[PDB]
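In the order they appear, the protein sequences are chains A, B, C, D and E.
Plus 25 on top of the position in the first sequence (first one is 1) and you've got my numbering.
Plus 25 on top of the position in the second sequence (first one is 1) and you've got my numbering.
Plus 25 on top of the position in the third sequence (first one is 1) and you've got my numbering.
Plus 25 on top of the position in the fourth sequence (first one is 1) and you've got my numbering.
Plus 25 on top of the position in the fifth sequence (first one is 1) and you've got my numbering.
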Amino acid sequence: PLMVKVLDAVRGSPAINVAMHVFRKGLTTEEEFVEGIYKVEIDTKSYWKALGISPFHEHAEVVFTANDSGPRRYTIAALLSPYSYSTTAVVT
Amino acid sequence: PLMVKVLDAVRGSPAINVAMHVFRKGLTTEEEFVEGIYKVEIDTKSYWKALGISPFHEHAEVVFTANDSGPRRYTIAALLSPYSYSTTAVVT
Amino acid sequence: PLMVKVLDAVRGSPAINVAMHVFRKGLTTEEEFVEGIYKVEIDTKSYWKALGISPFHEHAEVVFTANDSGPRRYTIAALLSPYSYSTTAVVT
Amino acid sequence: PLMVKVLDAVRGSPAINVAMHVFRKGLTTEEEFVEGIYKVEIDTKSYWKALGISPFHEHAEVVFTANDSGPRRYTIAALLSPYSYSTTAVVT
Amino acid sequence: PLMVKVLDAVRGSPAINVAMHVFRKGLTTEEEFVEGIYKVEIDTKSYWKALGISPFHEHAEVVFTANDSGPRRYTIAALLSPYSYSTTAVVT
């Protein structure tokens, strides 16, 4: 017998992130998995992936140039950070 | 017998994110999975993926240029961050 | 016997996000999955994907230029962040 | 008999991140796994991955240039850092 | 009989990160694992990985140049560092 208790009794307004998993029992292959439950991706790149079987097989002339530049700005407060009775501000 | 209890008794107005999973028991292949339950993607790129079987097989002349630039601005407060009795502001 | 209880007794007006899953038991293939229950995508790009079998097979002359630039602005407060008895403001 | 108790009795509004896992029992292959429950990725790159079987097999002339430059700015406060009765600010 | 108790009785609003795992019982292969529960990646690169079986097999002429430069700035406070009754600020 499996018994599980999380946050059984609560009073007074807390700020919570809850993630709970209970379990009982060809270029890319994946089976029976859990991914990215609380996940954040910012400015993520991917250029070539899984092009296939037999690409550029015979006499291929390829020029690959990847320029990553330019004025880019990212400003975040309280990323995956719950708070209570607090003050959060972004001022510019 | 599986018994599961989450946040059984609550009083006083809390701010909660809840994610609960109970379980009992060809370029890309995936089976029996859970992805991205609480997921955030910002400024995500992908150029070439899974082009197929036998691409550019014979005598291919390819020029690949990827320019990523330009004035881009991102401003976020309280990303995946629940709060209670608080103050959140973005001022410009 | 599977017994499951989430937020059985509540009083006092809390702000909640609930996601609950109970389970009992060819370029791209996917089977028996759950994706993107609470998902946010902002400024997401994808250029070439799954072009098919045998593309650009013989004597292909391709020029691929991807320019990503320009003045773009994103401003968000309380992204996937429930709150209670709080103050949220975006001021410009 | 498995008995599990986490945060059984709580009062006074704490700020919590909870991750709980209870378990009882071909270029890339993965099986029966959990990844990235509380994961943050910022400015992550990937150029070539899993191009396939037999790429550039015969007489391939490839020029690979990857320029990563440009004015980019990232500013974050309270990354995966819950707080209570505190003050968080980003001022420019 | 397995008995487990974490944070059984709490009062007074602490700031906590909780990660708990209870268990009872071909270029890349992985099985039955847990990765990156509380993981942060900043400015991470990967150029070539798992190109496939038999790449550049016969008479390959390759020039690989990877230039990593440019003005990039990263500023973070309280990375994976929960706090309580404190003050956190980033001032520019």
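Don't be surprised by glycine CBs; every beta carbon is placed ideally from N, CA and C.
- Distance from the CA of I41/D to the CA of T90/D, rounded to the nearest whole angstrom, comes to 45 Å.
- In this structure, the beta-carbon distance from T100/E to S111/D does not fall below 8 Å.
- In the three-state scheme derived from DSSP, where H, G and I count as helix and E and B as strand, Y63/C is classed as strand.
- Residues are counted here when their Cβ sits less than 7 Å from a Cβ of chain C; for the stretch 45 to 73 of chain A the count is zero.
- Distance between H46/A and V43/E, taken at the CA atoms: about 14 Å.
- Note: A34/C is bridge-paired with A34/B in the DSSP secondary-structure output.
- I41/B: member of the beta strand (DSSP E) spanning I41 to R49, first to last residue.
- Taking one beta carbon from each stretch, the stretch 75 to 92 of chain A and the stretch 80 to 88 of chain D have 3 or more pairs nearer than 8 Å; the two touch.
- Check the Cα spacing between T53/E and each of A102/E, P80/E, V31/E and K74/E: the tightest is with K74/E.
- For the pair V65/B and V59/A, the CB atoms are not nearer than the 8 Å cut-off.
- For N92/D, the closest of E57/D, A102/D, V29/D and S71/D by C-alpha to C-alpha distance is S71/D.
- Listed in chain order, the non-local C-beta contacts of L27/C below 8 Å within the same chain comprise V47 and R49, local neighbours out to five positions each way being set aside.
- A direct Cα-Cα distance of roughly 15 Å separates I62/B from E57/C.
- Inside the stretch 51 to 113 of chain A, DSSP marks no whole alpha helix (DSSP H) run of 4 or more residues.
- In this structure, the straight-line span from the alpha carbon of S109/B to that of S94/D is close to 41 Å.
- Setting aside the 5 residues that flank it on each side, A103/A is surrounded in the same chain by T113, each with a C-beta closer than 6 Å to its C-beta; the list follows chain order.
- Per the coordinates, the alpha-carbon of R97/E lies some 6 Å from the alpha-carbon of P96/D.
- Between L32/C and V116/B, the gap from beta carbon to beta carbon reaches 8 Å or more.
- With contacts defined by Cβ atoms closer than 8 Å, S38/D and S106/E do not form a contacting pair.
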